[PDB]
């Protein structure tokens, strides 16, 4: 406390095409246990700002050049010991230049949000959507891969 603690910083971005209102999602082939739509995102480097990391990830993975990003909210995951956490910063953006990398034809797809379901998407994508669309802004999971619920101040404050 009152200085640093271990945090795994990750970003996630929902890019919207202002001309069609569709959003950009990773739509790649994979083994049955990993297949599913997912939003671009990755790890924030040490020394690297979070929003900068988000813009870089989108560029490196999709080729799109975001002029900036707008913050939507956070998702937090804790292990059993809770000595560390994964902090995901979710951003949205609709202002960009460039086009999808030819290197990712059948790897990236523009889809209406309504096309995304819990069944055809990566774990917790519906929850991420709640954050991206603005219905929620602070979700937390008590397991590194558990269910994300709204954070409203409930905790073992007396410990």
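Positions refer to the first chain, counted from 1.
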Using only C-alpha atoms and the B-factors in the entry, which stretch averages higher, 116-124 or 48-56? 116-124
Out of 85-93 and 72-80, which one has CA B-factors that are higher on average in the deposited record? 72-80
Among 109, 99, 38, 67, where is the Cα temperature factor highest, going by the PDB entry? 99
Which one of 16, 11, 135, 138 shows the top CA temperature factor in the record? 135
Classify residue 43 as lowest, middle or highest third according to the C-alpha B-factor given in the PDB entry, relative to its own chain. lowest
